[PDB]
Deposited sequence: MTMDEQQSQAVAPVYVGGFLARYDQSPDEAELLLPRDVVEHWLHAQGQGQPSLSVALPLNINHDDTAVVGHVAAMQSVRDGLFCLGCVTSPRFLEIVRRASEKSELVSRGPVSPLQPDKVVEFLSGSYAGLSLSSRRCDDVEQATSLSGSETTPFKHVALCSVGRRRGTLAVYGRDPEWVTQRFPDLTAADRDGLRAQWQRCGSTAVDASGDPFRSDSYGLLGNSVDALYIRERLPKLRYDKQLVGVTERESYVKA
């Protein structure tokens, strides 16, 4: 069925915190307080969404950014057909993906592959020694609490985070509704190459679980594999 294949390659939304205000980074260069964030937000057209900071691996854009009680939260959208097609194909060959999602979620290979491979978000911003450059999907972010949550519906993804308020969501909904050619310039070999790098990030899983617990996506049902 080319019908199912078209559904799999449809856009995919991603949301999560780019930074958590109550978390002390293990590196000074990572400090990003609320005041700065809010100032920068007021100043600085949509930011590109890429794979692990590789500008030749842009897969979409950031649809909304919002500073909330607990940190800087963002919602992006993976729209690159080339990237989605590659993911579709790979998902067909993942045993993890084959086992499917939990409780009552319907399987979604593409979404699941993305959840597993790029479980984290990593912001690219000006050093503190257009402030926001881009957001990257990665195996794990350097800032804690940056768990990436994938889903087909923006509302649904935002609803995965218990910290967010209805007001919070309205601010986000306003943005991704306003904002609402393939920019990807890499390929499967590129992603494959990037994969071995992810395999050597120390304490990847422990950090992911920690992020899951911190942002409460643990107390919700989602496609997260960590």
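Undergrad: In sequence order, what intervals of the deposited sequence carry no C-alpha positions?
TA: No C-alpha coordinates exist for 1 to 2, 47 to 54, 140 to 152, 204 to 210.
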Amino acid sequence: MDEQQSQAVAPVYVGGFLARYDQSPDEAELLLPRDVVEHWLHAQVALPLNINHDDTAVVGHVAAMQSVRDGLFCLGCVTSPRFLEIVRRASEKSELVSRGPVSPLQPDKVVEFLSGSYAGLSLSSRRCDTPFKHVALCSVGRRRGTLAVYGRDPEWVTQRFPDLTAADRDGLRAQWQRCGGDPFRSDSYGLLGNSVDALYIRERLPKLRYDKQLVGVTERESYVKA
From here on, numbers count along this sequence of modelled residues.
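Undergrad: Identify the stretch, either 110 to 118 or 71 to 79, whose C-alpha atoms have the larger mean B-factor according to the entry.
TA: Stretch with the greater average CA B-factor: 71 to 79.
Undergrad: If you average the Cα B factors in the entry, which is higher, 199 to 207 or 5 to 13?
TA: So the stretch with the higher mean C-alpha B-factor is 5 to 13.
Undergrad: Go through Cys179, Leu164, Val59, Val157 one by one and give the residue whose Cα B-factor in the PDB entry is largest.
TA: Comparing C-alpha B-factors across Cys179, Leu164, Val59, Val157, the top value belongs to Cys179.
Undergrad: Say you rank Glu92, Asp153, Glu85, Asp129 by Cα B-factor from the PDB entry; which sits at the top?
TA: Reading the PDB entry, the winner on C-alpha B-factor is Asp129.
Undergrad: Within this chain's modelled residues, let me know which third the CA B factor of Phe184 belongs to: lowest, middle or highest.
TA: Answer is middle: the recorded C-alpha B-factor places it there.
Undergrad: How does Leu191 rank on Cα B-factor within its chain, lowest, middle or highest third?
TA: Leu191: CA B-factor falls in the lowest third of its chain.
Undergrad: If you rank every modelled residue in this chain by C-alpha B factor, which third holds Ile51: lowest, middle or highest?
TA: For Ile51, the deposited C-alpha B-factor lands in the lowest third.
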